[PDB]
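Have a look below at one chain only, the form deposited in one PDB entry, in structure tokens format.
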């Protein structure tokens, strides 16, 4: 049955083994699905990322197909580009674009972002989301860990491992999926849901960018989820530290009623995003520059 699934994956991935053209694997990152490494392309000297996912170690093995669907069909300026997929023994390997600026998480936990920088990130994420949502793709794991940066401060959405598709025939999803603190209330309440869940999650990531942490981060995951489901929308620790424009923006995101929450396409027209700076404004926040 593991062997059954290896065979299934093989018909869908590129033939061969990327080890034949890649040198110097170094682990840089982690997740639920598996590890992320840097590798050098032997003939060019260029660096790529390689996502390795052990088939035996997945909660829902069939979600590994998400990696291939996104590669094949949904490439975009603000979305991490995937190059090739391979079955290497008991692992799926995805060779993809290396985002050398690292994850938004390292920034969020180590410095304060100004509103020009926050708005830049939000706009980049929302440009991605509005294109994905318009095609029925829901990310389902929006958080700072999923947002990666180039060295010149460009912002890209990654880690599509738990994404899903809605359509006319499948209007809503039902799976309990994501990271507790960032999960939308209707999703925690086990209601059928759609792209709106990404918008809530982004709102939690706005709080990350302001406070350095998502709400109830000091609570156990299961208690946090309960509080998200039962209580009023979570508030900023420091409301005096946001402009009324940023507060207006967040109020459109952290709406409990999914039908009243703003959509990604609506949010692109929000006055708060007018503050967005160029990619260059993000550059000083990175570890190599701080």
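Positions refer to the first chain, counted from 1.
Although it is not shown, the form solved in complex with a small molecule is what the next lines describe.
- Although the partner is absent here, residue 158 lies within 4.5 Å of the small molecule in the deposited bound form, judged by heavy atoms.
- The closest heavy atom approach of residue 102 to the small molecule in the deposited bound form falls within 4.5 Å.
- The closest heavy atom approach of residue 98 to the small molecule in the deposited bound form falls within 4.5 Å.
- None of the heavy atoms of residue 255 is located within 4.5 Å of the small molecule in the deposited bound form.
- Residue heavy atoms within 4.5 Å of the small molecule in the deposited bound form occur in exactly one stretch of 89-97, 119-127, 195-203, 208-216, and that stretch is 89-97.
- No residue of the trio 7, 13 and 61 has any heavy atom within 4.5 Å of the small molecule in the deposited bound form.
- Residue-level contacts in the deposited bound form: of 224, 242, 262, 49, one residue has a heavy atom within 4.5 Å of the small molecule, and it is 49.
- Proximity to the small molecule in the deposited bound form, defined as a heavy atom within 4.5 Å, holds among 246, 55, 39, 36 only for 36.
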